[PDB]
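So this block is run-v4.pdb, PDB, N, CA and C atoms:
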ATOM      1  N   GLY U   1     -55.689-118.147 -64.264  1.00  0.00           N
ATOM      2  CA  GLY U   1     -56.670-117.276 -64.933  1.00  0.00           C
ATOM      3  C   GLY U   1     -57.709-116.836 -63.942  1.00  0.00           C
ATOM      4  N   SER U   2     -58.901-116.487 -64.390  1.00  0.00           N
ATOM      5  CA  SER U   2     -59.959-116.114 -63.460  1.00  0.00           C
ATOM      6  C   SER U   2     -60.338-117.342 -62.627  1.00  0.00           C
ATOM      7  N   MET U   3     -60.245-118.497 -63.244  1.00  0.00           N
ATOM      8  CA  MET U   3     -60.415-119.742 -62.558  1.00  0.00           C
ATOM      9  C   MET U   3     -59.036-120.351 -62.409  1.00  0.00           C
ATOM     10  N   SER U   4     -58.686-120.699 -61.180  1.00  0.00           N
ATOM     11  CA  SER U   4     -57.382-121.235 -60.823  1.00  0.00           C
ATOM     12  C   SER U   4     -56.306-120.141 -60.945  1.00  0.00           C
ATOM     13  N   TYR U   5     -56.095-119.445 -59.835  1.00  0.00           N
ATOM     14  CA  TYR U   5     -55.065-118.409 -59.657  1.00  0.00           C
ATOM     15  C   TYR U   5     -55.267-117.183 -60.511  1.00  0.00           C
ATOM     16  N   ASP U   6     -55.706-116.120 -59.867  1.00  0.00           N
ATOM     17  CA  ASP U   6     -55.854-114.807 -60.510  1.00  0.00           C
ATOM     18  C   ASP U   6     -54.482-114.104 -60.445  1.00  0.00           C
ATOM     19  N   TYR U   7     -53.518-114.885 -59.921  1.00  0.00           N
ATOM     20  CA  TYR U   7     -52.094-114.585 -59.825  1.00  0.00           C
ATOM     21  C   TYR U   7     -51.828-113.487 -58.822  1.00  0.00           C
ATOM     22  N   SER U   8     -52.721-113.329 -57.875  1.00  0.00           N
ATOM     23  CA  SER U   8     -52.655-112.271 -56.866  1.00  0.00           C
ATOM     24  C   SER U   8     -51.330-112.310 -56.046  1.00  0.00           C
ATOM     25  N   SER U   9     -50.894-113.506 -55.657  1.00  0.00           N
ATOM     26  CA  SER U   9     -49.661-113.658 -54.899  1.00  0.00           C
ATOM     27  C   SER U   9     -48.470-113.339 -55.809  1.00  0.00           C
ATOM     28  N   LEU U  10     -48.594-113.732 -57.066  1.00  0.00           N
ATOM     29  CA  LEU U  10     -47.579-113.494 -58.069  1.00  0.00           C
ATOM     30  C   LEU U  10     -47.462-112.026 -58.362  1.00  0.00           C
ATOM     31  N   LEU U  11     -48.598-111.408 -58.581  1.00  0.00           N
ATOM     32  CA  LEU U  11     -48.715-110.021 -58.870  1.00  0.00           C
ATOM     33  C   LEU U  11     -48.045-109.176 -57.802  1.00  0.00           C
ATOM     34  N   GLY U  12     -48.120-109.640 -56.558  1.00  0.00           N
ATOM     35  CA  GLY U  12     -47.448-108.973 -55.469  1.00  0.00           C
ATOM     36  C   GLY U  12     -45.953-108.919 -55.705  1.00  0.00           C
ATOM     37  N   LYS U  13     -45.380-110.060 -56.071  1.00  0.00           N
ATOM     38  CA  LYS U  13     -43.977-110.180 -56.367  1.00  0.00           C
ATOM     39  C   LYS U  13     -43.620-109.399 -57.600  1.00  0.00           C
ATOM     40  N   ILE U  14     -44.524-109.402 -58.549  1.00  0.00           N
ATOM     41  CA  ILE U  14     -44.373-108.625 -59.759  1.00  0.00           C
ATOM     42  C   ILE U  14     -44.243-107.147 -59.404  1.00  0.00           C
ATOM     43  N   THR U  15     -45.096-106.669 -58.532  1.00  0.00           N
ATOM     44  CA  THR U  15     -45.024-105.306 -58.051  1.00  0.00           C
ATOM     45  C   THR U  15     -43.730-105.075 -57.272  1.00  0.00           C
ATOM     46  N   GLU U  16     -43.373-106.048 -56.479  1.00  0.00           N
ATOM     47  CA  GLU U  16     -42.210-105.986 -55.646  1.00  0.00           C
ATOM     48  C   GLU U  16     -40.903-105.932 -56.436  1.00  0.00           C
ATOM     49  N   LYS U  17     -40.896-106.470 -57.631  1.00  0.00           N
ATOM     50  CA  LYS U  17     -39.723-106.507 -58.414  1.00  0.00           C
ATOM     51  C   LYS U  17     -39.760-105.553 -59.569  1.00  0.00           C
ATOM     52  N   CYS U  18     -40.846-105.535 -60.243  1.00  0.00           N
ATOM     53  CA  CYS U  18     -40.953-104.833 -61.432  1.00  0.00           C
ATOM     54  C   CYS U  18     -41.891-103.669 -61.277  1.00  0.00           C
ATOM     55  N   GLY U  19     -42.958-103.859 -60.543  1.00  0.00           N
ATOM     56  CA  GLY U  19     -43.928-102.843 -60.460  1.00  0.00           C
ATOM     57  C   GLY U  19     -45.282-103.318 -60.896  1.00  0.00           C
ATOM     58  N   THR U  20     -45.385-103.601 -62.154  1.00  0.00           N
ATOM     59  CA  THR U  20     -46.645-103.957 -62.792  1.00  0.00           C
ATOM     60  C   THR U  20     -46.408-105.022 -63.843  1.00  0.00           C
ATOM     61  N   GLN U  21     -47.486-105.480 -64.499  1.00  0.00           N
ATOM     62  CA  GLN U  21     -47.380-106.463 -65.591  1.00  0.00           C
ATOM     63  C   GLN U  21     -46.595-105.845 -66.745  1.00  0.00           C
ATOM     64  N   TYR U  22     -46.800-104.551 -66.915  1.00  0.00           N
ATOM     65  CA  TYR U  22     -46.105-103.734 -67.890  1.00  0.00           C
ATOM     66  C   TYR U  22     -44.611-103.860 -67.669  1.00  0.00           C
ATOM     67  N   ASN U  23     -44.204-103.565 -66.464  1.00  0.00           N
ATOM     68  CA  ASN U  23     -42.799-103.602 -66.099  1.00  0.00           C
ATOM     69  C   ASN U  23     -42.247-105.016 -66.086  1.00  0.00           C
ATOM     70  N   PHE U  24     -43.086-105.957 -65.693  1.00  0.00           N
ATOM     71  CA  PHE U  24     -42.786-107.402 -65.743  1.00  0.00           C
ATOM     72  C   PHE U  24     -42.278-107.734 -67.119  1.00  0.00           C
ATOM     73  N   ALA U  25     -43.083-107.347 -68.091  1.00  0.00           N
ATOM     74  CA  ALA U  25     -42.773-107.482 -69.508  1.00  0.00           C
ATOM     75  C   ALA U  25     -41.382-106.923 -69.793  1.00  0.00           C
ATOM     76  N   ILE U  26     -41.174-105.667 -69.403  1.00  0.00           N
ATOM     77  CA  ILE U  26     -39.925-104.946 -69.600  1.00  0.00           C
ATOM     78  C   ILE U  26     -38.725-105.734 -69.050  1.00  0.00           C
ATOM     79  N   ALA U  27     -38.827-106.147 -67.800  1.00  0.00           N
ATOM     80  CA  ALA U  27     -37.752-106.853 -67.118  1.00  0.00           C
ATOM     81  C   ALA U  27     -37.510-108.243 -67.703  1.00  0.00           C
ATOM     82  N   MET U  28     -38.582-108.927 -68.063  1.00  0.00           N
ATOM     83  CA  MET U  28     -38.505-110.239 -68.615  1.00  0.00           C
ATOM     84  C   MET U  28     -37.954-110.204 -70.040  1.00  0.00           C
ATOM     85  N   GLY U  29     -38.190-109.110 -70.720  1.00  0.00           N
ATOM     86  CA  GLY U  29     -37.745-108.977 -72.082  1.00  0.00           C
ATOM     87  C   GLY U  29     -38.861-109.285 -73.040  1.00  0.00           C
ATOM     88  N   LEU U  30     -40.066-109.096 -72.569  1.00  0.00           N
ATOM     89  CA  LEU U  30     -41.253-109.344 -73.334  1.00  0.00           C
ATOM     90  C   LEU U  30     -41.953-108.049 -73.609  1.00  0.00           C
ATOM     91  N   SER U  31     -42.856-108.083 -74.518  1.00  0.00           N
ATOM     92  CA  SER U  31     -43.652-106.948 -74.832  1.00  0.00           C
ATOM     93  C   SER U  31     -44.907-107.050 -73.999  1.00  0.00           C
ATOM     94  N   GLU U  32     -45.508-105.917 -73.692  1.00  0.00           N
ATOM     95  CA  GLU U  32     -46.720-105.875 -72.879  1.00  0.00           C
ATOM     96  C   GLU U  32     -47.825-106.640 -73.596  1.00  0.00           C
ATOM     97  N   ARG U  33     -47.787-106.568 -74.922  1.00  0.00           N
ATOM     98  CA  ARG U  33     -48.749-107.228 -75.791  1.00  0.00           C
ATOM     99  C   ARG U  33     -48.751-108.738 -75.540  1.00  0.00           C
ATOM    100  N   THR U  34     -47.566-109.279 -75.432  1.00  0.00           N
ATOM    101  CA  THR U  34     -47.351-110.707 -75.287  1.00  0.00           C
ATOM    102  C   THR U  34     -47.578-111.152 -73.842  1.00  0.00           C
ATOM    103  N   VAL U  35     -47.151-110.326 -72.916  1.00  0.00           N
ATOM    104  CA  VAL U  35     -47.317-110.562 -71.524  1.00  0.00           C
ATOM    105  C   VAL U  35     -48.717-110.591 -71.144  1.00  0.00           C
ATOM    106  N   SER U  36     -49.457-109.691 -71.667  1.00  0.00           N
ATOM    107  CA  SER U  36     -50.788-109.617 -71.287  1.00  0.00           C
ATOM    108  C   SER U  36     -51.631-110.774 -71.894  1.00  0.00           C
ATOM    109  N   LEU U  37     -51.024-111.540 -72.797  1.00  0.00           N
ATOM    110  CA  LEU U  37     -51.628-112.755 -73.300  1.00  0.00           C
ATOM    111  C   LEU U  37     -51.223-113.945 -72.402  1.00  0.00           C
ATOM    112  N   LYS U  38     -49.901-114.100 -72.197  1.00  0.00           N
ATOM    113  CA  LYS U  38     -49.330-115.175 -71.402  1.00  0.00           C
ATOM    114  C   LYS U  38     -49.648-115.118 -69.929  1.00  0.00           C
ATOM    115  N   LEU U  39     -49.475-113.956 -69.349  1.00  0.00           N
ATOM    116  CA  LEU U  39     -49.647-113.748 -67.914  1.00  0.00           C
ATOM    117  C   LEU U  39     -51.108-113.528 -67.581  1.00  0.00           C
ATOM    118  N   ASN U  40     -51.939-113.738 -68.550  1.00  0.00           N
ATOM    119  CA  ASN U  40     -53.314-113.536 -68.346  1.00  0.00           C
ATOM    120  C   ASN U  40     -54.046-114.871 -68.318  1.00  0.00           C
ATOM    121  N   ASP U  41     -54.240-115.489 -69.502  1.00  0.00           N
ATOM    122  CA  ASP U  41     -55.050-116.728 -69.553  1.00  0.00           C
ATOM    123  C   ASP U  41     -54.972-117.497 -70.884  1.00  0.00           C
ATOM    124  N   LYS U  42     -54.395-116.920 -71.937  1.00  0.00           N
ATOM    125  CA  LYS U  42     -54.421-117.578 -73.203  1.00  0.00           C
ATOM    126  C   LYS U  42     -53.251-118.451 -73.348  1.00  0.00           C
ATOM    127  N   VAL U  43     -52.127-117.936 -72.974  1.00  0.00           N
ATOM    128  CA  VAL U  43     -50.948-118.600 -73.321  1.00  0.00           C
ATOM    129  C   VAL U  43     -50.212-118.962 -72.097  1.00  0.00           C
ATOM    130  N   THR U  44     -50.688-119.979 -71.533  1.00  0.00           N
ATOM    131  CA  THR U  44     -50.145-120.571 -70.345  1.00  0.00           C
ATOM    132  C   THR U  44     -48.667-120.950 -70.524  1.00  0.00           C
ATOM    133  N   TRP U  45     -47.873-120.575 -69.549  1.00  0.00           N
ATOM    134  CA  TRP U  45     -46.422-120.729 -69.561  1.00  0.00           C
ATOM    135  C   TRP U  45     -45.948-122.160 -69.717  1.00  0.00           C
ATOM    136  N   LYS U  46     -44.895-122.294 -70.465  1.00  0.00           N
ATOM    137  CA  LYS U  46     -44.142-123.494 -70.547  1.00  0.00           C
ATOM    138  C   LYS U  46     -43.129-123.457 -69.412  1.00  0.00           C
ATOM    139  N   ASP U  47     -42.482-124.559 -69.150  1.00  0.00           N
ATOM    140  CA  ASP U  47     -41.571-124.674 -67.998  1.00  0.00           C
ATOM    141  C   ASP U  47     -40.407-123.690 -68.042  1.00  0.00           C
ATOM    142  N   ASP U  48     -39.892-123.402 -69.223  1.00  0.00           N
ATOM    143  CA  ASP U  48     -38.780-122.459 -69.334  1.00  0.00           C
ATOM    144  C   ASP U  48     -39.280-121.041 -69.161  1.00  0.00           C
ATOM    145  N   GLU U  49     -40.533-120.820 -69.517  1.00  0.00           N
ATOM    146  CA  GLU U  49     -41.127-119.494 -69.394  1.00  0.00           C
ATOM    147  C   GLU U  49     -41.371-119.205 -67.918  1.00  0.00           C
ATOM    148  N   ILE U  50     -41.777-120.251 -67.199  1.00  0.00           N
ATOM    149  CA  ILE U  50     -41.961-120.182 -65.759  1.00  0.00           C
ATOM    150  C   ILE U  50     -40.613-119.887 -65.101  1.00  0.00           C
ATOM    151  N   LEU U  51     -39.587-120.617 -65.537  1.00  0.00           N
ATOM    152  CA  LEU U  51     -38.262-120.528 -65.028  1.00  0.00           C
ATOM    153  C   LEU U  51     -37.694-119.115 -65.220  1.00  0.00           C
ATOM    154  N   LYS U  52     -37.957-118.527 -66.371  1.00  0.00           N
ATOM    155  CA  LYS U  52     -37.528-117.181 -66.630  1.00  0.00           C
ATOM    156  C   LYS U  52     -38.176-116.163 -65.729  1.00  0.00           C
ATOM    157  N   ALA U  53     -39.451-116.369 -65.418  1.00  0.00           N
ATOM    158  CA  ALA U  53     -40.152-115.497 -64.488  1.00  0.00           C
ATOM    159  C   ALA U  53     -39.526-115.643 -63.103  1.00  0.00           C
ATOM    160  N   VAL U  54     -39.252-116.888 -62.728  1.00  0.00           N
ATOM    161  CA  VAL U  54     -38.576-117.239 -61.467  1.00  0.00           C
ATOM    162  C   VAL U  54     -37.227-116.517 -61.344  1.00  0.00           C
ATOM    163  N   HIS U  55     -36.542-116.380 -62.456  1.00  0.00           N
ATOM    164  CA  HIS U  55     -35.220-115.759 -62.500  1.00  0.00           C
ATOM    165  C   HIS U  55     -35.303-114.253 -62.261  1.00  0.00           C
ATOM    166  N   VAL U  56     -36.381-113.668 -62.704  1.00  0.00           N
ATOM    167  CA  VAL U  56     -36.566-112.223 -62.645  1.00  0.00           C
ATOM    168  C   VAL U  56     -37.145-111.839 -61.300  1.00  0.00           C
ATOM    169  N   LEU U  57     -38.193-112.514 -60.967  1.00  0.00           N
ATOM    170  CA  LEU U  57     -38.947-112.315 -59.783  1.00  0.00           C
ATOM    171  C   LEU U  57     -38.222-112.812 -58.536  1.00  0.00           C
ATOM    172  N   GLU U  58     -37.304-113.739 -58.735  1.00  0.00           N
ATOM    173  CA  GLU U  58     -36.598-114.442 -57.667  1.00  0.00           C
ATOM    174  C   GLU U  58     -37.571-115.270 -56.867  1.00  0.00           C
ATOM    175  N   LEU U  59     -37.990-116.319 -57.499  1.00  0.00           N
ATOM    176  CA  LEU U  59     -38.876-117.269 -56.926  1.00  0.00           C
ATOM    177  C   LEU U  59     -38.127-118.563 -56.761  1.00  0.00           C
ATOM    178  N   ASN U  60     -38.809-119.594 -56.415  1.00  0.00           N
ATOM    179  CA  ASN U  60     -38.195-120.873 -56.257  1.00  0.00           C
ATOM    180  C   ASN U  60     -38.994-121.905 -57.043  1.00  0.00           C
ATOM    181  N   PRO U  61     -38.322-122.905 -57.665  1.00  0.00           N
ATOM    182  CA  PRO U  61     -38.994-123.952 -58.451  1.00  0.00           C
ATOM    183  C   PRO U  61     -39.977-124.818 -57.640  1.00  0.00           C
ATOM    184  N   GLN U  62     -39.813-124.863 -56.337  1.00  0.00           N
ATOM    185  CA  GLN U  62     -40.691-125.649 -55.486  1.00  0.00           C
ATOM    186  C   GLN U  62     -41.857-124.839 -55.008  1.00  0.00           C
ATOM    187  N   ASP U  63     -41.671-123.546 -55.021  1.00  0.00           N
ATOM    188  CA  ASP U  63     -42.690-122.568 -54.580  1.00  0.00           C
ATOM    189  C   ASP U  63     -43.673-122.302 -55.724  1.00  0.00           C
ATOM    190  N   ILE U  64     -43.366-122.899 -56.863  1.00  0.00           N
ATOM    191  CA  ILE U  64     -44.131-122.774 -58.105  1.00  0.00           C
ATOM    192  C   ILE U  64     -45.644-123.092 -58.036  1.00  0.00           C
ATOM    193  N   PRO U  65     -46.123-124.220 -57.396  1.00  0.00           N
ATOM    194  CA  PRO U  65     -47.549-124.616 -57.480  1.00  0.00           C
ATOM    195  C   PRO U  65     -48.466-123.621 -56.801  1.00  0.00           C
ATOM    196  N   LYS U  66     -47.870-122.795 -56.009  1.00  0.00           N
ATOM    197  CA  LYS U  66     -48.561-121.788 -55.267  1.00  0.00           C
ATOM    198  C   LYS U  66     -48.904-120.629 -56.197  1.00  0.00           C
ATOM    199  N   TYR U  67     -48.003-120.348 -57.123  1.00  0.00           N
ATOM    200  CA  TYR U  67     -48.169-119.278 -58.072  1.00  0.00           C
ATOM    201  C   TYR U  67     -48.776-119.795 -59.365  1.00  0.00           C
ATOM    202  N   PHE U  68     -48.134-120.791 -59.940  1.00  0.00           N
ATOM    203  CA  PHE U  68     -48.530-121.341 -61.209  1.00  0.00           C
ATOM    204  C   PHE U  68     -48.680-122.859 -61.051  1.00  0.00           C
ATOM    205  N   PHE U  69     -49.852-123.356 -60.793  1.00  0.00           N
ATOM    206  CA  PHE U  69     -49.995-124.806 -60.781  1.00  0.00           C
ATOM    207  C   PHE U  69     -50.772-125.213 -62.003  1.00  0.00           C
ATOM    208  N   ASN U  70     -52.069-125.007 -61.972  1.00  0.00           N
ATOM    209  CA  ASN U  70     -52.869-125.162 -63.129  1.00  0.00           C
ATOM    210  C   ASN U  70     -52.965-123.853 -63.805  1.00  0.00           C
ATOM    211  N   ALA U  71     -53.666-122.957 -63.138  1.00  0.00           N
ATOM    212  CA  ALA U  71     -53.914-121.574 -63.566  1.00  0.00           C
ATOM    213  C   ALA U  71     -54.655-121.550 -64.895  1.00  0.00           C
ATOM    214  N   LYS U  72     -55.308-122.651 -65.124  1.00  0.00           N
ATOM    215  CA  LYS U  72     -56.052-122.971 -66.303  1.00  0.00           C
ATOM    216  C   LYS U  72     -56.515-124.373 -66.044  1.00  0.00           C
ATOM    217  N   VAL U  73     -57.755-124.663 -66.233  1.00  0.00           N
ATOM    218  CA  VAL U  73     -58.208-126.000 -65.976  1.00  0.00           C
ATOM    219  C   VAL U  73     -59.406-126.382 -66.836  1.00  0.00           C
ATOM    220  N   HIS U  74     -59.109-126.575 -68.093  1.00  0.00           N
ATOM    221  CA  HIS U  74     -60.062-126.998 -69.089  1.00  0.00           C
ATOM    222  C   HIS U  74     -59.280-127.277 -70.358  1.00  0.00           C
TER     223      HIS U  74
END

Once more with this new file: its structure as structure tokens, please.
Amino acid sequence: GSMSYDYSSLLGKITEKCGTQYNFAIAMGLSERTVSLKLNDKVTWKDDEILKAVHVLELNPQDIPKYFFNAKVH
């Protein structure tokens, strides 16, 4: 979130693969409405949700703490 990862490194990959959060949604199979909740700060990803992003974005499960570790801390 604004505290603990503004997802800047992630967003780069998002742009690199999809373009934008909008397109992220599209590729992931989510709606922008939902993405902008989850990929923002309210609805922090579950492990399978992380995994699905990894599948789209082509990330690695070990490279995860760099993108999504806490990304929320309260």

Expressed in Å to a single decimal, how great is the separation between atom N of residue 1 (chain U) and CA of residue 66 (chain U)?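 Here the two named atoms are 12.0 Å from each other.
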
Go through U:74, U:31, U:18, U:44 one by one, measure the shortest atom-to-atom distance of each to residue 58 (chain U) using only C-alpha atoms, and give the residue with the smallest value.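 The closest residue to residue 58 (chain U) is U:18.
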
For residue 64 (chain U), please output as an MDAnalysis selection string all residues within 12 Å (counting only C-alpha atoms; exclusion window: fewer than 2 positions along the same chain). chainID U and resid 5 7 9:10 45 47 50:51 53:54 57:62 66:71

Would you compute, for all listed atoms of region 2-9 of chain U, the axis-aligned bounding box grown by 5 Å on each side, and then report its centre and edge lengths in Å rounded to one decimal, as JSON?
{"center_x": -54.4, "center_y": -116.8, "center_z": -59.6, "size_x": 21.9, "size_y": 19.0, "size_z": 19.5}

Which residues are close to residue 17 (chain U), i.e. within 8 Å by all atoms listed in the file, leaving aside same-chain residues fewer than 3 positions away? Reply as a VMD selection string. chain U and resid 11 to 14 20 23 to 24 27 56 to 58

Report as a PyMOL selection string: the residues of chain U with a DSSP assignment of helix (DSSP H, G or I), based on the backbone of this structure. chain U and resi 8-17+21-28+32-38+47-57+64-67

Could you take the residues named above and write them with N, CA and C atoms, as a compact mmCIF listing (two decimals), in the coordinates of the input?
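Contents of the output file out17.txt:
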# COMPACT_ATOMS: atom_id res chain seq x y z
N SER U 8 -52.72 -113.33 -57.88
CA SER U 8 -52.66 -112.27 -56.87
C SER U 8 -51.33 -112.31 -56.05
N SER U 9 -50.89 -113.51 -55.66
CA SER U 9 -49.66 -113.66 -54.90
C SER U 9 -48.47 -113.34 -55.81
N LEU U 10 -48.59 -113.73 -57.07
CA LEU U 10 -47.58 -113.49 -58.07
C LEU U 10 -47.46 -112.03 -58.36
N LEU U 11 -48.60 -111.41 -58.58
CA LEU U 11 -48.72 -110.02 -58.87
C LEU U 11 -48.04 -109.18 -57.80
N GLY U 12 -48.12 -109.64 -56.56
CA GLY U 12 -47.45 -108.97 -55.47
C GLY U 12 -45.95 -108.92 -55.70
N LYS U 13 -45.38 -110.06 -56.07
CA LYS U 13 -43.98 -110.18 -56.37
C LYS U 13 -43.62 -109.40 -57.60
N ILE U 14 -44.52 -109.40 -58.55
CA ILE U 14 -44.37 -108.62 -59.76
C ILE U 14 -44.24 -107.15 -59.40
N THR U 15 -45.10 -106.67 -58.53
CA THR U 15 -45.02 -105.31 -58.05
C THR U 15 -43.73 -105.08 -57.27
N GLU U 16 -43.37 -106.05 -56.48
CA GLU U 16 -42.21 -105.99 -55.65
C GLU U 16 -40.90 -105.93 -56.44
N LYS U 17 -40.90 -106.47 -57.63
CA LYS U 17 -39.72 -106.51 -58.41
C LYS U 17 -39.76 -105.55 -59.57
N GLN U 21 -47.49 -105.48 -64.50
CA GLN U 21 -47.38 -106.46 -65.59
C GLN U 21 -46.60 -105.84 -66.74
N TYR U 22 -46.80 -104.55 -66.92
CA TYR U 22 -46.10 -103.73 -67.89
C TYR U 22 -44.61 -103.86 -67.67
N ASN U 23 -44.20 -103.56 -66.46
CA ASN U 23 -42.80 -103.60 -66.10
C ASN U 23 -42.25 -105.02 -66.09
N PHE U 24 -43.09 -105.96 -65.69
CA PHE U 24 -42.79 -107.40 -65.74
C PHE U 24 -42.28 -107.73 -67.12
N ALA U 25 -43.08 -107.35 -68.09
CA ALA U 25 -42.77 -107.48 -69.51
C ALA U 25 -41.38 -106.92 -69.79
N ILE U 26 -41.17 -105.67 -69.40
CA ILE U 26 -39.92 -104.95 -69.60
C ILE U 26 -38.72 -105.73 -69.05
N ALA U 27 -38.83 -106.15 -67.80
CA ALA U 27 -37.75 -106.85 -67.12
C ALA U 27 -37.51 -108.24 -67.70
N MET U 28 -38.58 -108.93 -68.06
CA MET U 28 -38.51 -110.24 -68.61
C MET U 28 -37.95 -110.20 -70.04
N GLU U 32 -45.51 -105.92 -73.69
CA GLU U 32 -46.72 -105.88 -72.88
C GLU U 32 -47.82 -106.64 -73.60
N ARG U 33 -47.79 -106.57 -74.92
CA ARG U 33 -48.75 -107.23 -75.79
C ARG U 33 -48.75 -108.74 -75.54
N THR U 34 -47.57 -109.28 -75.43
CA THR U 34 -47.35 -110.71 -75.29
C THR U 34 -47.58 -111.15 -73.84
N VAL U 35 -47.15 -110.33 -72.92
CA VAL U 35 -47.32 -110.56 -71.52
C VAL U 35 -48.72 -110.59 -71.14
N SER U 36 -49.46 -109.69 -71.67
CA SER U 36 -50.79 -109.62 -71.29
C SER U 36 -51.63 -110.77 -71.89
N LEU U 37 -51.02 -111.54 -72.80
CA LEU U 37 -51.63 -112.76 -73.30
C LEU U 37 -51.22 -113.94 -72.40
N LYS U 38 -49.90 -114.10 -72.20
CA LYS U 38 -49.33 -115.18 -71.40
C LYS U 38 -49.65 -115.12 -69.93
N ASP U 47 -42.48 -124.56 -69.15
CA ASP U 47 -41.57 -124.67 -68.00
C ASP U 47 -40.41 -123.69 -68.04
N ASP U 48 -39.89 -123.40 -69.22
CA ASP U 48 -38.78 -122.46 -69.33
C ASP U 48 -39.28 -121.04 -69.16
N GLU U 49 -40.53 -120.82 -69.52
CA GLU U 49 -41.13 -119.49 -69.39
C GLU U 49 -41.37 -119.20 -67.92
N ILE U 50 -41.78 -120.25 -67.20
CA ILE U 50 -41.96 -120.18 -65.76
C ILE U 50 -40.61 -119.89 -65.10
N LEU U 51 -39.59 -120.62 -65.54
CA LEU U 51 -38.26 -120.53 -65.03
C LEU U 51 -37.69 -119.12 -65.22
N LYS U 52 -37.96 -118.53 -66.37
CA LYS U 52 -37.53 -117.18 -66.63
C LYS U 52 -38.18 -116.16 -65.73
N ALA U 53 -39.45 -116.37 -65.42
CA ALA U 53 -40.15 -115.50 -64.49
C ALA U 53 -39.53 -115.64 -63.10
N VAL U 54 -39.25 -116.89 -62.73
CA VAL U 54 -38.58 -117.24 -61.47
C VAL U 54 -37.23 -116.52 -61.34
N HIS U 55 -36.54 -116.38 -62.46
CA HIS U 55 -35.22 -115.76 -62.50
C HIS U 55 -35.30 -114.25 -62.26
N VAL U 56 -36.38 -113.67 -62.70
CA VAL U 56 -36.57 -112.22 -62.64
C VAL U 56 -37.15 -111.84 -61.30
N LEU U 57 -38.19 -112.51 -60.97
CA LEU U 57 -38.95 -112.32 -59.78
C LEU U 57 -38.22 -112.81 -58.54
N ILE U 64 -43.37 -122.90 -56.86
CA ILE U 64 -44.13 -122.77 -58.10
C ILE U 64 -45.64 -123.09 -58.04
N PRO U 65 -46.12 -124.22 -57.40
CA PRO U 65 -47.55 -124.62 -57.48
C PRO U 65 -48.47 -123.62 -56.80
N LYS U 66 -47.87 -122.80 -56.01
CA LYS U 66 -48.56 -121.79 -55.27
C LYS U 66 -48.90 -120.63 -56.20
N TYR U 67 -48.00 -120.35 -57.12
CA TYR U 67 -48.17 -119.28 -58.07
C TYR U 67 -48.78 -119.80 -59.36

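For the atom pair formed by atom N of residue 3 (chain U) and atom C of residue 42 (chain U), the distance is 12.3 Å, given to one decimal.
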
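What separates atom N of residue 2 (chain U) from atom N of residue 41 (chain U) is a distance of 7.0 Å.
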